[PDB]
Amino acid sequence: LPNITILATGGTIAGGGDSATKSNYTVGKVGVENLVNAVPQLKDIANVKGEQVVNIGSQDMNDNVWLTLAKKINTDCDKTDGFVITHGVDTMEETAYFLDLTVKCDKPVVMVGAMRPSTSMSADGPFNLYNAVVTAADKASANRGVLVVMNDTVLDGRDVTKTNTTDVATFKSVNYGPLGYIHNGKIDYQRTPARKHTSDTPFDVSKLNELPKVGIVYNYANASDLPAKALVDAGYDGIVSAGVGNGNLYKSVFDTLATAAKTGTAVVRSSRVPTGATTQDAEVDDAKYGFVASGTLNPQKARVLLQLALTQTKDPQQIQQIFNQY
């Protein structure tokens, strides 16, 4: 059977709580072996090898776990047939996107999580992990970029996002849809992201021990500009705006950001709106402010890309081209 490596980072899939009929739980109560031994069917589909990379709740995911993860996938790619990275649901969409642009290993790279902790009744973790391996083991998964497999669905790392705070069906690719659906151990892939991923990108965190500082500001009515200023005073390399509607900023936040952009800070306009592209050629003249419109990339994902882009360039027109290709 395929040799599949399971890089365990923690999350709800490893979390347990008081009971099955109680929602309480804490992340990372089990290790990579227990997860695997708990799903002995894995043994009929892949020759599994587990490794605990970290054991955090993804709310605490950070650049170091990211660098570490990419370096690890790239370094052991040549050694295994595919990967499964067990992770919490909270920031999984951010990590999947980050690996999607820094992982040069085009062998199946699947991320999997669980909305219910391992202790719950009808826990989703087992079958999720089982299905995740079904995907990391399918040859047709190679070259699709880094994937997220949840709820019998194979989702591309760039478009996948967490849609609902508790639903087991929460992961969906909200703008462009899923790449495929799994049924009875089989996947019918009918799509692949056209954006450039993995080996077709220039991002190389192999020698990177740290990613550039990129923060996120929220826009809403009567939005304060303290947050944006706080990030600017601390010298952030970039700031992404979780803007209102089609990428718009509260006037005072727009002020701080325009000052920022004109004095060096990379500034990306994204939106707090869940679906749709933050387009240019709407109300904002990005060209005039040196702002970059983020496309279908939501705030946290636009931060992933800006950080990597900032590793190569500081120019708004350059970053924009990157946001237009990746």
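Sequential numbering from 1, following the sequence displayed.
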property	result
Of 167-175 and 185-193, the stretch whose C-alpha atoms average the higher B-factor in the entry	185-193
Stretch with the higher entry mean CA B-factor, where the candidates are 16-24 and 312-320	16-24
Selection by C-alpha B-factor (highest) of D76, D90, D138, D255	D255
Top residue by Cα temperature factor, when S271, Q280, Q300, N47 are compared in the entry	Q280
Where the record places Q41 (Cα B-factor, split into thirds across the chain)	middle
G247 - Cα temperature factor, lowest/middle/highest third of chain	lowest
Third assignment of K213 from its chain's C-alpha B-factors	highest
Chain-relative CA temperature factor third for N55	highest
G125 - which third its CA temperature factor falls in, relative to the rest of the chain	middle
